[PDB]
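**Q** Shown below is the structure under consideration.
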Amino acid sequence: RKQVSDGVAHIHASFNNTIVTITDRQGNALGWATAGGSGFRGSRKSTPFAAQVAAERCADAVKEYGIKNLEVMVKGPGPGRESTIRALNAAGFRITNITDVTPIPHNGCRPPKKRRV
Amino acid sequence: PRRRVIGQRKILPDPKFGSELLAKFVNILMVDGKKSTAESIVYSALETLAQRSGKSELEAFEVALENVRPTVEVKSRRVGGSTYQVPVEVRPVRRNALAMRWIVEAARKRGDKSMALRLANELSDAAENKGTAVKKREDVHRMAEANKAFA
Amino acid sequence: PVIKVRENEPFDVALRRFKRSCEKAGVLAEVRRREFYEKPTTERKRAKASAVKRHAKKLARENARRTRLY
RNA sequence: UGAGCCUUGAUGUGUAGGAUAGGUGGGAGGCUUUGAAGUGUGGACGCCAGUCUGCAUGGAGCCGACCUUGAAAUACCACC
RNA sequence: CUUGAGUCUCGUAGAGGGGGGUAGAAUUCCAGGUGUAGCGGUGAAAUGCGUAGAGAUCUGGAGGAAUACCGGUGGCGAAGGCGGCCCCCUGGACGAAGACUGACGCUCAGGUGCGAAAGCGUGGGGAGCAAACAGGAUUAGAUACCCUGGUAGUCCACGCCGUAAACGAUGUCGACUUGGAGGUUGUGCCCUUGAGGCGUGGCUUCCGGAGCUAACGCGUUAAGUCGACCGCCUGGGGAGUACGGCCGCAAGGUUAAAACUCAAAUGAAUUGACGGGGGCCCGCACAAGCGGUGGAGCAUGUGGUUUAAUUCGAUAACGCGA
RNA sequence: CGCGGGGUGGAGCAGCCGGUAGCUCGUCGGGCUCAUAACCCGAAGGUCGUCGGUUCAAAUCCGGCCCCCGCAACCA
RNA sequence: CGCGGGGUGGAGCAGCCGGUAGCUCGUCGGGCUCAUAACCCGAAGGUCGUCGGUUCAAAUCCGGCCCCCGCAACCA
């Protein structure tokens with residue numbers, strides 16, 4: 001595999017599950033990991049800790065690519081948002097940019113109905 | 001309780017070695033307020049243990065205790081629909097107590113004949129890092145590890 | 001909330017800054033709002049109710065303040 | 001992109017162990033100015049101990065039955 | 001005659017209406033790249049989608065619907081309602097001065113029109129959402145709430161429907177009666193010496209006086225003090241139902257009884273009690289621990305059954321009166 | 001009369017080779033429950049309609065009989 | 001009869017060189033749990049159908065037999 005110095009970390013942070021995907025700067029995904037994949041289910045995988053460990057796993061996976069610089073793109077609302085980036089930092093990439101990329105419509109599609117609980 | 005925290009009561013150190021911890025252990029062991037018998041048993045356990053491992057009576061005991069002390073225990077919050085066991089850092093006073101209690105339980109369980117002998121055996125096991133108390137400790141730790149997500 | 005880590009800037013500081021930016025944006029809040037459909041009526045009601053509450057806080061409480069507690 | 005083949009190279013951890021022993025027969029010394037041991041490392045394999053090999057440097061020696069072992073040297077060798 | 005009512009002049013603010021363009025974000029799908037085992041979902045799960053390569057991620061395309069921020073107890077409209085930006089057609093409101101008309105006004109049974117959402121008809125459209133429906137949960141059951149899907153419908157055109165807690169639960173028009181704090185939109189003067197100072201008009205939010213009110217409250221935007229016109233009520237149920245008429249493609253709307261039946265039904269406020277409302281606090285209430293009961297045998301009391309009688313009582317009763 | 005389903009624990013639905021002998025509601029038992037419906041634990045109820053035989057496994061494969069079904073055909 | 005797959009822990013799917021001897025659900029113990037399941041930890045169950053041999057590694061490569069598959073061909 002071709003080594004690459006700089007890339008992006010996409011952090012899809014949902015309410016139920018965090019997904020971290022490291023990619024090159026062009027768009028092509030190198031590796032990924034998830035809180036659900038990291039051995040957490042239901043209550044556990046919707047937590048900051050879980051997200052962090054997913055991030056760590058992802059980092060581990062893209063060791064062979066030899067990535068030093070990293071820009072982070074954080075998507076969605078969740079626990080795995082601050083935690084994940086911290087984890088990434090710990091894992092030892094130079095974090096270059098921290099971007100928020102939550103899809104906010106400018107009033108477009110009707111959301112689903114409100115839950116009655 | 002709700003209203004007021006209270007200062008822990010005064011405990012006398014045991015006559016043989018002059019130790020608070022030892023005294024506490026003896027107390028824990030004791031049943032039906034028969035302290036003397038319990039203390040004798042404890043002493044016996046110590047002596048045998050000392051013979052086995054060398055060192056001193058007290059030092060060996062301490063070492064044994066060390067191998068069964070829990071860094072972290074769990075508690076049940078249960079805020080959700082289902083129960084969530086949450087880990088908590090267990091304080092110095094409590095940890096020591098817990099280990100002792102576990103040891104005592106192990107001794108009680110054990111299939112050897114005399115109580116003192118059983119206790120000694122348990123201590124030895126603890127020192128070596130096998131046995132019942134140690135297992136219990138591991139389990140406790142394991143649970144905490146499992147539920148580390150909660151904090 | 002696009003951000004770039006400055007030269008010889010700590011990580012933690014950067015993170016904090018990012019968080020602040022996010023807060024300013026009100027992105028999370030927006031997301032929360034758009035999770036489920038709010039009927040127009042409901043939306044109206046909340047807005048008016050909130051306004052009323054605000055008004056109450058401002059004036060009635062001020063009146064109370066004039067008089068000492070003890 | 002799959003896949004054969006004349007050919008010349010590499011590849012092979014039961015534990016005894018100089019340590020990454022496939023087996024049979026002919027055998028006690030093969031290689032060394034169409035350049036030997038030691039050093040620098042480019043690319044491979046890997047059971048992390050090492051093994052093969054490119055180019056540079058070096059210029060007069062490394063490896064044998066060995067002590068062990070159910071089987072002995074990749075001292076040269078042909079058959080696969 | 002000019003004070004009401006209207007016309008003309010110049011401005012002003014506006015999601016007022018109709019028509020036609022366009023912009024950007026986001027969702028969905030399609031095609032392709034990267035990539036690898038999960039994704040999704042919940043209180044927890046499962047159905048569901050995934051190694052036939054999903055989810056994630058990037059590129060390109062399609063199409064529909066709605067318009068983040070601005071945005072406000074802000075604005076406009078008779079009400080219903082109206083929200084990206086641009087243009088075309090178009091209705092109303094307000095102010096400034098003048099000039100004109102000269103009571104031309106107010107209200108309105110029948111009548112006529114406009115009238116959310118759903119619904120209907122014909123023809124288009126269809127991304128998202130979603131009655132119905134299906135499956136998965138939950139449950140005693142769950143024809144629900146939750147989850148995964150999902151069709152009418154929502155969108156457009158032209159017709160119909162004519163109702164809503166269509167509410168300020170407050171008809172329209174006019175006059176008069178103490179105050180304060182704002183918002184919005186004009187406009188006159190003033191050294192705008194500055195975001196200001198002093199007025200004067202329109203619409204508007206909150207508080208409160210007199211008065212009014214069953215009280216709650218209303219209070220110059222009246223539910224006060226009066227006048228003009230209209231609409232409507234006459235105990236609760238039966239019933240806004242039946243019959244008949246009129247209208248409607250239908251759904252149904254509208255008009256609108258009676259028998260029979262009860263002595264109530266209601267409104268506001270009051271004291272409690274209660275709440276799977278909220279705040280503060282306590283108790284071996286939980287938590288933290290130690291020892292028990294529930295199994296055994298016996299003691300003992302009770303229930304029951306039996307008895308000639310198994311004395312009567314207790315049932316925070318049951319080693320209780322004893 | 002002939003031909004396809006088969007015959008059970010208070011009723012019902014029981015895993016192609018005969019060795020598995022049930023599950024639902026029900027009744028009792030006891031605490032949960034402010035109450036029961038409960039959730040949960042355990043307990044009494046058979047013949048496998050019947051008469052026989054192939055075989056140690058038989059109700060469980062076959063010969064006949066009694067019924068319940070279903071059949072479709074008939075009727076001077 | 002001939003020819004391609006191979007034959008296992010209660011069932012199933014097990015990493016080209018023979019030295020690795022499993023994973024899922026299952027049963028039991030415990031941990032947590034209101035519950036149940038999910039979840040965590042650990043524990044009993046082999047022959048590798050079989051008979052042999054190349055070799056210290058063999059079920060793990062080969063010679064035969066018993067079956068399960070699959071084959072496609074045949075039938076006076």
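Letters A, B, ... mark the chains of the structure tokens in the order given; residue numbers begin at 1 per chain; ligand numbers begin at 1, in order shown.
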If we count only C-alpha atoms (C1' of nucleotides), what is near residue 71 (chain G) at a cut-off of 12 Å, once residues fewer than 6 positions away on the same chain are taken out, given as a PyMOL selection string?
**A** chain G and resi 2-5
**Q** Just to be explicit: take each residue in the selection above, keep N, CA, C and O atoms (P, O5', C5', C4', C3', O3' and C1' of nucleotides), and write the result as a PDB file, in the first residue's frame.
**A**
ATOM      1  P     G G   2     -15.011 -51.107  -9.216  1.00  0.00           P
ATOM      2  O5'   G G   2     -15.196 -49.874 -10.217  1.00  0.00           O
ATOM      3  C5'   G G   2     -14.479 -48.647 -10.018  1.00  0.00           C
ATOM      4  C4'   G G   2     -14.371 -47.872 -11.322  1.00  0.00           C
ATOM      5  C3'   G G   2     -14.138 -46.372 -11.138  1.00  0.00           C
ATOM      6  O3'   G G   2     -12.737 -46.074 -11.165  1.00  0.00           O
ATOM      7  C1'   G G   2     -16.056 -46.732 -12.493  1.00  0.00           C
ATOM      8  P     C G   3     -12.086 -45.123 -10.040  1.00  0.00           P
ATOM      9  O5'   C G   3     -12.598 -43.655 -10.408  1.00  0.00           O
ATOM     10  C5'   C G   3     -12.141 -42.988 -11.588  1.00  0.00           C
ATOM     11  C4'   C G   3     -12.911 -41.699 -11.803  1.00  0.00           C
ATOM     12  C3'   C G   3     -12.837 -40.669 -10.680  1.00  0.00           C
ATOM     13  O3'   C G   3     -11.684 -39.844 -10.832  1.00  0.00           O
ATOM     14  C1'   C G   3     -15.091 -40.943 -11.374  1.00  0.00           C
ATOM     15  P     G G   4     -11.010 -39.156  -9.542  1.00  0.00           P
ATOM     16  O5'   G G   4     -11.555 -37.651  -9.570  1.00  0.00           O
ATOM     17  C5'   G G   4     -11.710 -36.911  -8.360  1.00  0.00           C
ATOM     18  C4'   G G   4     -12.637 -35.733  -8.571  1.00  0.00           C
ATOM     19  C3'   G G   4     -13.220 -35.164  -7.283  1.00  0.00           C
ATOM     20  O3'   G G   4     -12.391 -34.161  -6.694  1.00  0.00           O
ATOM     21  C1'   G G   4     -14.980 -35.774  -8.693  1.00  0.00           C
ATOM     22  P     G G   5     -11.799 -34.384  -5.210  1.00  0.00           P
ATOM     23  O5'   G G   5     -12.962 -33.914  -4.220  1.00  0.00           O
ATOM     24  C5'   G G   5     -13.242 -32.530  -4.009  1.00  0.00           C
ATOM     25  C4'   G G   5     -14.373 -32.357  -3.016  1.00  0.00           C
ATOM     26  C3'   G G   5     -14.111 -32.783  -1.572  1.00  0.00           C
ATOM     27  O3'   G G   5     -13.483 -31.744  -0.814  1.00  0.00           O
ATOM     28  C1'   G G   5     -16.192 -33.662  -2.293  1.00  0.00           C
TER      29        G G   5
END
**Q** Residues of chain A within 9 Å of chain C, counting only C-alpha atoms, what are they? List them as an MDAnalysis selection string.
**A** chainID A and resid 71 76:78 82 85:86 89 94:105 107 110:115
**Q** Could you please take those selected residues and save N, CA, C and O atoms as an mmCIF file, in the first residue's frame?
**A**
data_model
loop_
_atom_site.group_PDB
_atom_site.id
_atom_site.type_symbol
_atom_site.label_atom_id
_atom_site.label_comp_id
_atom_site.auth_asym_id
_atom_site.auth_seq_id
_atom_site.Cartn_x
_atom_site.Cartn_y
_atom_site.Cartn_z
ATOM 1 N N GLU A 71 -6.618 16.362 9.358
ATOM 2 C CA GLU A 71 -7.723 17.307 9.588
ATOM 3 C C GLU A 71 -8.985 16.539 9.960
ATOM 4 O O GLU A 71 -9.278 15.507 9.371
ATOM 5 N N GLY A 76 -22.778 15.388 12.815
ATOM 6 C CA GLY A 76 -23.862 14.975 13.688
ATOM 7 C C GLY A 76 -23.743 15.359 15.153
ATOM 8 O O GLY A 76 -22.685 15.806 15.595
ATOM 9 N N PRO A 77 -24.843 15.177 15.910
ATOM 10 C CA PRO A 77 -24.870 15.370 17.342
ATOM 11 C C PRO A 77 -24.553 14.071 18.055
ATOM 12 O O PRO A 77 -25.056 13.012 17.671
ATOM 13 N N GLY A 78 -23.745 14.128 19.098
ATOM 14 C CA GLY A 78 -23.519 12.933 19.884
ATOM 15 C C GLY A 78 -22.562 13.106 21.033
ATOM 16 O O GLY A 78 -22.007 14.193 21.225
ATOM 17 N N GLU A 82 -16.247 15.415 20.972
ATOM 18 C CA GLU A 82 -15.065 15.937 21.633
ATOM 19 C C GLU A 82 -14.124 14.775 21.979
ATOM 20 O O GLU A 82 -12.897 14.885 21.805
ATOM 21 N N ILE A 85 -12.128 13.139 19.099
ATOM 22 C CA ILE A 85 -11.011 13.958 18.627
ATOM 23 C C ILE A 85 -9.854 13.914 19.609
ATOM 24 O O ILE A 85 -8.702 13.799 19.157
ATOM 25 N N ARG A 86 -10.172 13.922 20.898
ATOM 26 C CA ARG A 86 -9.165 13.802 21.954
ATOM 27 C C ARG A 86 -8.378 12.502 21.792
ATOM 28 O O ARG A 86 -7.143 12.485 21.869
ATOM 29 N N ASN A 89 -6.065 12.603 18.882
ATOM 30 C CA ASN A 89 -4.911 13.426 19.263
ATOM 31 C C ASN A 89 -3.901 12.591 20.043
ATOM 32 O O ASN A 89 -2.692 12.628 19.772
ATOM 33 N N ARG A 94 -0.763 15.015 14.159
ATOM 34 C CA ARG A 94 -0.856 16.468 14.239
ATOM 35 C C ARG A 94 -2.217 16.864 13.677
ATOM 36 O O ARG A 94 -2.465 16.743 12.469
ATOM 37 N N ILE A 95 -3.098 17.302 14.572
ATOM 38 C CA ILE A 95 -4.436 17.741 14.198
ATOM 39 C C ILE A 95 -4.281 19.155 13.611
ATOM 40 O O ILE A 95 -3.728 20.049 14.256
ATOM 41 N N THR A 96 -4.721 19.321 12.366
ATOM 42 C CA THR A 96 -4.457 20.530 11.591
ATOM 43 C C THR A 96 -5.657 21.471 11.612
ATOM 44 O O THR A 96 -5.528 22.633 12.002
ATOM 45 N N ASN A 97 -6.808 20.963 11.169
ATOM 46 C CA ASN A 97 -8.082 21.689 11.174
ATOM 47 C C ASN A 97 -9.124 20.866 11.911
ATOM 48 O O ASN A 97 -9.141 19.647 11.772
ATOM 49 N N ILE A 98 -10.001 21.520 12.670
ATOM 50 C CA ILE A 98 -11.159 20.851 13.273
ATOM 51 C C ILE A 98 -12.409 21.526 12.727
ATOM 52 O O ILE A 98 -12.744 22.643 13.118
ATOM 53 N N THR A 99 -13.086 20.835 11.813
ATOM 54 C CA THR A 99 -14.247 21.372 11.108
ATOM 55 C C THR A 99 -15.520 20.701 11.608
ATOM 56 O O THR A 99 -15.511 19.514 11.945
ATOM 57 N N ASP A 100 -16.609 21.465 11.663
ATOM 58 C CA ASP A 100 -17.939 20.904 11.866
ATOM 59 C C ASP A 100 -18.635 20.838 10.513
ATOM 60 O O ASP A 100 -18.628 21.810 9.753
ATOM 61 N N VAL A 101 -19.246 19.685 10.233
ATOM 62 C CA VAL A 101 -19.885 19.415 8.946
ATOM 63 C C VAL A 101 -21.269 18.779 9.120
ATOM 64 O O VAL A 101 -21.670 17.919 8.330
ATOM 65 N N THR A 102 -22.008 19.214 10.142
ATOM 66 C CA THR A 102 -23.368 18.730 10.356
ATOM 67 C C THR A 102 -24.257 19.215 9.221
ATOM 68 O O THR A 102 -24.233 20.404 8.892
ATOM 69 N N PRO A 103 -25.045 18.303 8.625
ATOM 70 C CA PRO A 103 -25.969 18.730 7.583
ATOM 71 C C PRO A 103 -27.156 19.472 8.190
ATOM 72 O O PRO A 103 -28.013 18.859 8.832
ATOM 73 N N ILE A 104 -27.164 20.789 8.016
ATOM 74 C CA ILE A 104 -28.275 21.631 8.425
ATOM 75 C C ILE A 104 -29.005 22.035 7.159
ATOM 76 O O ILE A 104 -28.429 22.731 6.330
ATOM 77 N N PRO A 105 -30.259 21.597 6.991
ATOM 78 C CA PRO A 105 -31.034 22.100 5.860
ATOM 79 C C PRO A 105 -31.471 23.520 6.115
ATOM 80 O O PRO A 105 -31.516 23.957 7.263
ATOM 81 N N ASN A 107 -34.412 24.782 5.911
ATOM 82 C CA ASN A 107 -35.793 24.286 5.838
ATOM 83 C C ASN A 107 -36.153 23.640 4.499
ATOM 84 O O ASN A 107 -36.607 24.313 3.587
ATOM 85 N N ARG A 110 -39.409 17.603 5.405
ATOM 86 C CA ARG A 110 -40.169 17.506 6.642
ATOM 87 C C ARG A 110 -39.579 16.392 7.473
ATOM 88 O O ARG A 110 -39.483 15.273 6.986
ATOM 89 N N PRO A 111 -39.214 16.668 8.733
ATOM 90 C CA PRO A 111 -38.721 15.593 9.592
ATOM 91 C C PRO A 111 -39.823 14.617 9.988
ATOM 92 O O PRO A 111 -41.001 14.930 9.822
ATOM 93 N N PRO A 112 -39.455 13.449 10.540
ATOM 94 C CA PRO A 112 -40.466 12.502 10.968
ATOM 95 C C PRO A 112 -41.182 13.017 12.196
ATOM 96 O O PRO A 112 -40.695 13.947 12.840
ATOM 97 N N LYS A 113 -42.312 12.410 12.526
ATOM 98 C CA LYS A 113 -43.165 12.924 13.586
ATOM 99 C C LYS A 113 -42.527 12.772 14.949
ATOM 100 O O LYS A 113 -41.607 11.977 15.133
ATOM 101 N N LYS A 114 -43.025 13.555 15.897
ATOM 102 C CA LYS A 114 -42.502 13.581 17.253
ATOM 103 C C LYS A 114 -42.963 12.350 18.035
ATOM 104 O O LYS A 114 -44.128 11.949 17.941
ATOM 105 N N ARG A 115 -42.050 11.756 18.805
ATOM 106 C CA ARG A 115 -42.343 10.519 19.550
ATOM 107 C C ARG A 115 -43.191 10.825 20.769
ATOM 108 O O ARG A 115 -42.992 11.856 21.422
#
**Q** Using only C-alpha atoms (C1' of nucleotides), which chain A residues lie at most 12 Å away from chain G, written as a short mmCIF file (atom, residue, chain, number, x, y, z; two decimals) with C-alpha atoms, in the first residue's frame?
**A**
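And here is the file that came out, part-v4.cif:
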data_model
loop_
_atom_site.label_atom_id
_atom_site.label_comp_id
_atom_site.auth_asym_id
_atom_site.auth_seq_id
_atom_site.Cartn_x
_atom_site.Cartn_y
_atom_site.Cartn_z
CA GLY A 39 -17.38 -4.41 21.45
CA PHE A 40 -20.12 -2.14 22.81
CA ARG A 41 -23.85 -2.72 22.36
CA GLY A 42 -26.90 -0.53 22.97
CA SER A 43 -26.38 1.58 26.10
CA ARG A 44 -22.60 1.21 25.92
#
**Q** Mind listing as a ChimeraX atom specification which residues of chain A are within 8 Å of chain E, counting only C-alpha atoms (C1' of nucleotides)?
**A** /A:10,12,19-21,23,26-32,37,103-113,116-117
**Q** Would you save the residues of that selection, restricted to C-alpha atoms, as a JSON list (two decimals), in the first residue's frame?
**A**
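Output file selection.json follows:
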[["chain", "number", "residue", "atom", "x", "y", "z"],
["A", 10, "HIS", "CA", -14.46, 11.92, 9.33],
["A", 12, "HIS", "CA", -19.95, 10.55, 12.08],
["A", 19, "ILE", "CA", -18.30, 5.95, 13.22],
["A", 20, "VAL", "CA", -14.73, 7.14, 12.61],
["A", 21, "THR", "CA", -13.38, 6.94, 9.05],
["A", 23, "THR", "CA", -9.42, 8.92, 4.49],
["A", 26, "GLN", "CA", -9.02, 13.43, -1.97],
["A", 27, "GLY", "CA", -11.90, 11.34, -0.49],
["A", 28, "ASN", "CA", -10.72, 7.71, -0.75],
["A", 29, "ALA", "CA", -11.21, 5.91, 2.60],
["A", 30, "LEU", "CA", -8.14, 4.26, 4.18],
["A", 31, "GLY", "CA", -9.72, 2.71, 7.27],
["A", 32, "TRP", "CA", -12.70, 2.94, 9.58],
["A", 37, "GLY", "CA", -17.61, -2.69, 16.22],
["A", 103, "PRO", "CA", -25.97, 18.73, 7.58],
["A", 104, "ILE", "CA", -28.27, 21.63, 8.43],
["A", 105, "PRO", "CA", -31.03, 22.10, 5.86],
["A", 106, "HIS", "CA", -32.28, 25.60, 5.16],
["A", 107, "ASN", "CA", -35.79, 24.29, 5.84],
["A", 108, "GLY", "CA", -36.07, 21.57, 3.18],
["A", 109, "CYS", "CA", -37.52, 18.17, 4.00],
["A", 110, "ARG", "CA", -40.17, 17.51, 6.64],
["A", 111, "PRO", "CA", -38.72, 15.59, 9.59],
["A", 112, "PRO", "CA", -40.47, 12.50, 10.97],
["A", 113, "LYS", "CA", -43.16, 12.92, 13.59],
["A", 116, "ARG", "CA", -45.02, 10.07, 22.21],
["A", 117, "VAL", "CA", -43.32, 8.78, 25.35]]
**Q** Between CA of residue 61 (chain A) and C1' of residue 20 (chain G), what distance in Å does the model show, to one decimal?
**A**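 Pair CA of residue 61 (chain A) / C1' of residue 20 (chain G) returns 26.3 Å.
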**Q** At a cut-off of 12 Å, using only C-alpha atoms (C1' of nucleotides), what residues contact residue 55 (chain D)? Leave out same-chain residues fewer than 3 positions from it and give the result as a PDB file with N, CA and C atoms (P, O5', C5', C4', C3', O3' and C1' of nucleotides), in the first residue's frame.
**A**
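The result, stored in selection34.pdb:
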ATOM      1  P     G D  40      28.075  -2.322   9.895  1.00  0.00           P
ATOM      2  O5'   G D  40      27.845  -1.457   8.578  1.00  0.00           O
ATOM      3  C5'   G D  40      28.273  -0.083   8.517  1.00  0.00           C
ATOM      4  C4'   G D  40      27.962   0.517   7.166  1.00  0.00           C
ATOM      5  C3'   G D  40      26.508   0.483   6.724  1.00  0.00           C
ATOM      6  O3'   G D  40      25.745   1.523   7.330  1.00  0.00           O
ATOM      7  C1'   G D  40      27.915  -0.147   4.921  1.00  0.00           C
ATOM      8  P     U D  41      24.455   1.163   8.208  1.00  0.00           P
ATOM      9  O5'   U D  41      23.524   0.388   7.171  1.00  0.00           O
ATOM     10  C5'   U D  41      22.485   1.056   6.425  1.00  0.00           C
ATOM     11  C4'   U D  41      22.504   0.630   4.972  1.00  0.00           C
ATOM     12  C3'   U D  41      21.170   0.196   4.385  1.00  0.00           C
ATOM     13  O3'   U D  41      20.342   1.296   4.013  1.00  0.00           O
ATOM     14  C1'   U D  41      22.939  -1.218   3.619  1.00  0.00           C
ATOM     15  P     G D  42      18.794   1.063   3.638  1.00  0.00           P
ATOM     16  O5'   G D  42      18.854   0.553   2.129  1.00  0.00           O
ATOM     17  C5'   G D  42      18.609   1.446   1.018  1.00  0.00           C
ATOM     18  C4'   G D  42      18.183   0.679  -0.218  1.00  0.00           C
ATOM     19  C3'   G D  42      16.930  -0.175  -0.097  1.00  0.00           C
ATOM     20  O3'   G D  42      15.735   0.591  -0.204  1.00  0.00           O
ATOM     21  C1'   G D  42      18.615  -1.356  -1.290  1.00  0.00           C
ATOM     22  P     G D  43      14.365   0.050   0.441  1.00  0.00           P
ATOM     23  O5'   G D  43      14.158  -1.365  -0.261  1.00  0.00           O
ATOM     24  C5'   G D  43      13.219  -1.534  -1.343  1.00  0.00           C
ATOM     25  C4'   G D  43      13.354  -2.903  -1.976  1.00  0.00           C
ATOM     26  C3'   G D  43      12.434  -3.985  -1.433  1.00  0.00           C
ATOM     27  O3'   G D  43      11.154  -3.895  -2.056  1.00  0.00           O
ATOM     28  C1'   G D  43      14.643  -4.838  -1.689  1.00  0.00           C
TER      29        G D  43
END
**Q** Running DSSP on the backbone, which parts of region 80-138 of chain B land in helix (DSSP H, G or I), as an MDAnalysis selection string?
**A** chainID B and resid 92:109 115:128 132:138
**Q** Just the residues within 8 Å of residue 140 (chain B), please, counting only C-alpha atoms (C1' of nucleotides), with nothing from its chain fewer than 6 positions along; format it as a list in words.
**A** residues 70, 72, 73 and 74 of chain B; 31 of chain G
**Q** Report, in Å with one decimal, the straight-line distance from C1' of residue 50 (chain E) to CA of residue 56 (chain A).
**A** 24.3 Å
**Q** Using only C-alpha atoms (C1' of nucleotides), select each residue of chain C with any atom at most 12 Å away from an atom of chain E, and give the selection as an MDAnalysis selection string.
**A** chainID C and resid 25:27 30:31 33:34 36:37 44:56 58:60 63
**Q** Rounded to one decimal place, report the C1' of residue 20 (chain E)-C1' of residue 123 (chain E) distance in Å.
**A**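 Taking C1' of residue 20 (chain E) and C1' of residue 123 (chain E), their separation equals 21.9 Å.
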**Q** My list of candidates is G:73, G:56, G:40, G:51. Which is closest to chain B when distances are computed with only C-alpha atoms (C1' of nucleotides)?
**A**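 Looking at the shortest contact to chain B, the residue is G:40.
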**Q** Can you tell me, as a PyMOL selection string, what residues are no more than 12 Å from residue 45 (chain F) when counting only C-alpha atoms (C1' of nucleotides), ignoring any on the same chain fewer than 5 positions away?
**A** chain F and resi 9-10+26-27
**Q** Using only C-alpha atoms, determine which residues of chain B fall within 8 Å of chain A; present them as number ranges by chain.
**A** B: 147-150
**Q** Next, dump the selected residues to file, keeping only C-alpha atoms, as a CSV table (one decimal), in the first residue's frame.
**A**
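Everything below was put into result12.csv:
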chain,number,residue,atom,x,y,z
B,147,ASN,CA,-18.9,-1.1,32.6
B,148,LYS,CA,-16.0,1.4,32.1
B,149,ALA,CA,-18.2,3.3,29.5
B,150,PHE,CA,-20.2,4.6,32.5
**Q** With a distance threshold of 12 Å and counting only C-alpha atoms (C1' of nucleotides), extract the residues of chain B near chain E and express them as an NGL selection string.
**A** :B and (1-4 or 27-33 or 75-84 or 94 or 97-98 or 101)
**Q** What lies within 12 Å of residue 7 (chain F) using only C-alpha atoms (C1' of nucleotides), ignoring chain neighbours under 4 positions off, as a ChimeraX atom specification?
**A** /F:47-50,59,66-69
